[PDB]
Every structure is written in C-alpha cells, then in structure tokens.
Amino acid sequence: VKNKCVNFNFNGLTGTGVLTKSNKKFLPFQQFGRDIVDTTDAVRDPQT
Amino acid sequence: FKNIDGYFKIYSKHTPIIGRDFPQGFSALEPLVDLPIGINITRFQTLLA
Ligand SMILES: *[C@@H]1O[C@H](CO)[C@@H](O)[C@H](O)[C@H]1NC(C)=O
C-alpha cells in the first residue's frame, strides 16, 4: 500500500514508514538504496 | 576481478569512444555477475581466438 504509514518487511528489511513511488535511477543490480546519512531511504519493489 | 571471502565478484563497463588507447577520462564499473565460487586462486591467465 502507498501513501500510508505502515510496517514493512521488504526482503527481510524490517521497519516502519510511508512508501510512495520514487523517481530515482536504480540500476538493475541495485537492491536496497539509502540516503546521505546511512539510512534506508528508497527501496525498489522486488515484484514490480 | 575480485574474490574476497570467496564469492567471486566481477565488474564491467564498455566505452568505445574514438580517442587513443587508455584515455584519462573517468568511468565507473557496474557489477555484472556475482557468483559464490569460494575456492583458492593465486594464478591468472587469459585465452585467445
Ligand atoms: C514472482 O516473482 C517473479 C520474479 O520477478 C516475477 O514474475 C513476479 O515478481 C512474481 N510473479 C507473480 C507474483 O505472479
């Protein structure tokens, strides 16, 4: 679900936040992603 | 080619250009295949066509 505060378990990455479609440039090998100070910020959907 | 903790790692990038051999221009290397070999490697050699 998008645009709602939920608890996610993305491929073993457990956490809480709001997920929305991103406009980044994830290369095909890229999996997790992050932000400036070392926190998971943008995770690509493994299915879609 | 790197083989840290087994887990053979390779990276690749292709740049045709028109400059001479080995230009100074920068270029990144994207990973292509990461296969967990996990054996002992010391020697290295190539092949031809
Ligand atoms: C199953 O995973 C494969 C791998 O990408 C892909 O077809 C899709 O994400 C999934 N298919 C489904 C859920 O029908």
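Residues numbered from 1 in each chain as written, not as in the entry; some residues may be left out. Chains lettered and ligands numbered in written order. Part of a larger assembly, values for the part shown. Heavy atoms only, no water.

If you check the header, you'll see the entry was determined by cryo-EM and the resolution is listed as 3.65 Å.

1. Looking at the pairing of strand β2 (residues 13-18) of chain A
Residues and elements named next belong to chain A. Summarising the sheet, strand β1 (residues 5-10) and β2 pair through 6 bridges and their orientation is antiparallel. Along β2, the bridge assignment pairs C5 with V18. Here β1 folds back onto β2, and the loop between the two strands holds 2 residues, one of which, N11, carries a positive phi near 50°. (Pairing = 2+ DSSP bridges. Helix = DSSP H or I, 4+ residues; strand = E, 2+ residues; numbered from the N terminus.)

2. Let's talk about the layout of surface pockets
Taken as a whole, the largest pocket encloses approximately 770 Å³ of empty space. Taken together, 24 residues line the largest pocket, and the ones lying closest to its centre are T20, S22, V43, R44 and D45 of chain A. Sorting the residues of the lining of the largest pocket by element identifies β1 and β2 of chain A as the ones contributing at least two each. Looking at which element gives the most residues to the lining of the largest pocket, the answer is β2 of chain A, with 4 residues. Forming the boundary of the second largest pocket are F1, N3, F8, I37, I41, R43, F44 and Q45 of chain B. In the lining of the second largest pocket, the residues fall into 5 nonpolar, 2 polar and 1 charged. (1 Å grid on protein atoms, 1.4 Å probe; cavity = no way out; pocket = protein on both sides within 12 Å on 5 of 7 lines; lining within 4 Å. Points joined across faces, edges and corners; volume = space filled by probe spheres on them. Nonpolar A, V, L, I, M, F, W, Y, C, P; charged D, E, K, R; others polar.)

3. Some words on unusual backbone geometry
Located in the positive-phi region is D38 of chain A, a residue other than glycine, with phi close to 30°. Inspection of the secondary structure assignment puts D38 of chain A in the segment after β2. Since its relative accessible area comes to 63%, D38 of chain A is described here as exposed. Phi at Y7 of chain B takes a positive value of approximately 45°, unusual for a residue other than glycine. Mapped onto the elements of the fold, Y7 of chain B is located in the segment before β1 (8-12). (Buried < 20%, exposed > 50% of the residue type's maximum accessible area, 1.4 Å probe, protein only.)

4. A look at the environment of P36 of chain B
Residue and element names in this part refer to chain B. Mapped onto the elements of the fold, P36 is located in the segment after β2 (30-35). The exposed category is assigned to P36, whose relative accessible area is 65%. Put simply, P36 and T46 are 10 residues apart on the chain and 21 Å apart in space, counted from C-alpha to C-alpha.

5. Thoughts on the pattern of salt bridges
All names here are of chain B. Inspection of the entire model under this criterion finds 3 salt bridges over all chains. Between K13 and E30 there is a salt bridge; the shortest N-O distance is 3.6 Å. Taken as a pair, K13 in the loop between β1 and β2 and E30 in strand β2 lie far apart in primary sequence, 17 residues in all. (Salt bridge = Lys/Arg side-chain N within 4 Å of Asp/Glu carboxyl O.)

6. Considering the environment of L47 of chain B
Here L47 of chain B shows up in the segment after β2. Sequence separation of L47 of chain B and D34 of chain B is 13 residues, and the distance between their C-alpha atoms is 22 Å.

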